[PDB]
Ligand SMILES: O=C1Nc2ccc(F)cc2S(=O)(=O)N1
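Listed next as structure tokens is one chain, alone, in the form solved without this ligand.
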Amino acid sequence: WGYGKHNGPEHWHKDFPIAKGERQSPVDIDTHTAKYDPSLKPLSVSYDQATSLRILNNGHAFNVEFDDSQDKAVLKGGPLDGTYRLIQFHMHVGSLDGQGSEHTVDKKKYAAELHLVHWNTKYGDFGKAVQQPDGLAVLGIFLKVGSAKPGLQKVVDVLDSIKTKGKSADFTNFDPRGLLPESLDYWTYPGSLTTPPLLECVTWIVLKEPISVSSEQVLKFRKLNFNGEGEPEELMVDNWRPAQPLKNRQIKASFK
């Protein structure tokens, strides 16, 4: 699987029939039909003691992995029940500033979308969590081009080390709090992982407020490669899945 004409999103259902399931992601967020829900508590993001380990290019995206042996960087509150541990974060980026995000707001696409993946501690490990309808919580952050996001520069600086598929580099002492917008207002709905295996185990929390990155920063996020060292160069751009039918789901908004 990949993002090409021959193994891209339209071909996934052949190996993962769940691609055609009832709670697939991403979806388009129609701001007018989203239900404001007051009973939604505010999100509680506690990343003060987070511990990043490595950054790697897996041929699908760059991923920053965190030590999730204990509750050091967790997500609680909002529509969640229980504590969810941060396991990793990755980015989907487009080839042009007008595309790149997976979720769309009223059909509007952003330049990129950051996904911070969390798993429900009541399940013990990540592997068990992906067997439960409420095993994961993914916080989605939109990116638009504007001013530079200093909190992302550390990632930008190291992309040289992990240019090709399979490369990895130590990436300790990285603070994920630097990736957050000022506001934590969000939309939430039950969905799935957006890459194979596409398991429907995710409670999506998509932040209303995008963050900005400079054009120079986004230029560098577009210089990674899907290919392995020594293969023809295929730039890692447009690694995103198109919106899926909402079907029998309602999107809730934590704000009006």
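Residue numbers run from 1 along the displayed sequence.
What comes next is about the form solved in complex with this ligand, which is not displayed.
Novice: Residue-level question: is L207 within 4.5 Å of this ligand in the deposited complex, judged on heavy atoms?
Specialist: Outside the cut-off, so no.
Novice: Give a yes or no for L40: in the deposited complex, does one of its heavy atoms lie within 4.5 Å of a heavy atom belonging to this ligand?
Specialist: Outside the cut-off, so no.
Novice: Does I162 make contact with this ligand in the deposited complex, using a 4.5 Å heavy atom cut-off?
Specialist: Because no heavy atom of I162 falls inside 4.5 Å of this ligand in the deposited complex, the answer is no.
Novice: Indicate whether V74 is a 4.5 Å heavy atom neighbour of this ligand in the deposited complex.
Specialist: Output for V74 is no: heavy atoms all beyond 4.5 Å of this ligand.
Novice: Heavy atoms within 4.5 Å of this ligand in the deposited complex is the criterion; list the residues of 104 to 133 that meet it.
Specialist: Stretch hits, in order: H115, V117, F126.
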